[PDB]
Every structure is written in C-alpha cells, then in structure tokens.
C-alpha cells in the first residue's frame, strides 16, 4: 500500500517491478485474453503509477520503455507470450489460451508419443520439445511451466516425479 501511495519515491527498476505487478492484477481481474501494449498505457491507474519523474530524466518513448519492460517481466514469468506474427506490441495471456492448455494436456495424455514399452507420461523437457514442434516453435520454459501449473490445479495432470507428468 505504501509504495502504491508514493511511487515517486521509487528507483526506476523498483517502479518497473511494481508496474508489472499492477499490470498482472489488471490482466487477471479482467480476464484479458490478448492485448496491445498501448491498451495498458491507457488504463488510468497503470499510467498514473508509471508516470513518475524518474522515467523522464521523447516522452512517448519513456512511457513505452517502462511499460515494455513491465510486460517483459510478465513474459519472463511465463504469464504472457508472443507469437511469431510481426506484431512487436501484441501479447497473449497464458492463463486464457484454452487451446494451448488443451494441446499440452493432449501431449501428456499421449505420453509424448512414446511407444507403449516406455514410461507413461513424460518429462517437462519432452513436453516442451513436443509443444515446440506441434504448437509454437518459440514456446518458453516459463510459459510451459505456467500451463502445467494450471493443468495441475484443474486436476488434469499429476506430477509423479520432479518435472515429470502424467494424465490425472
């Protein structure tokens, strides 16, 4: 509550961290599926937080920079992702991509296409290798981890060993 009440006291990295947290809260509360960066810049509560003297010391570039860095923190955490689409400012929210969840679930249900003499289920890295071939070549470890956590929360998959998953 303190930082949010006086964000002008923060150094730029701390401010960027805080903006990223408030951006996450916005995206989750509104069940946003995809967004252009500029849409977050238009949320008054986010722009008011971001717009501190430290960002200014062009103006549009200063605002673009802090918002881009905040969104990238969410990307690094696997909460948002991009497609190879030529749209630098378009982002997708991992938790809202139902097709992605279903496809990862299917990969796991099918034991990552392993012959039936091998172990049921598959390792994180195997799932990732399959998903990059069949779904999205750029899929990060962090985005996959977020999908797996959601599937686990839904009791659709179970971890039987460290980083190893089978259908529930």
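Residue numbers count along the first chain shown, from 1.
- The segment from residue 57 to residue 58 is interrupted, since 10 or more residues of the deposited sequence in that interval carry no coordinates.
- Look at the C-alpha B-factors of 92-100 and of 67-75. On average they run higher in 92-100.
- Once the C-alpha B-factors are averaged per stretch, 46-54 and 22-30 rank with 22-30 first.
- Note on 132, 105, 126, 120: the highest value goes to 120, judged by CA B factor as recorded.
- Ranked by Cα temperature factor within the chain, residue 150 sits in the middle third according to the deposited record.
- For residue 9, the recorded CA B-factor ranks within the middle third of the chain. Only modelled residues enter the ranking.
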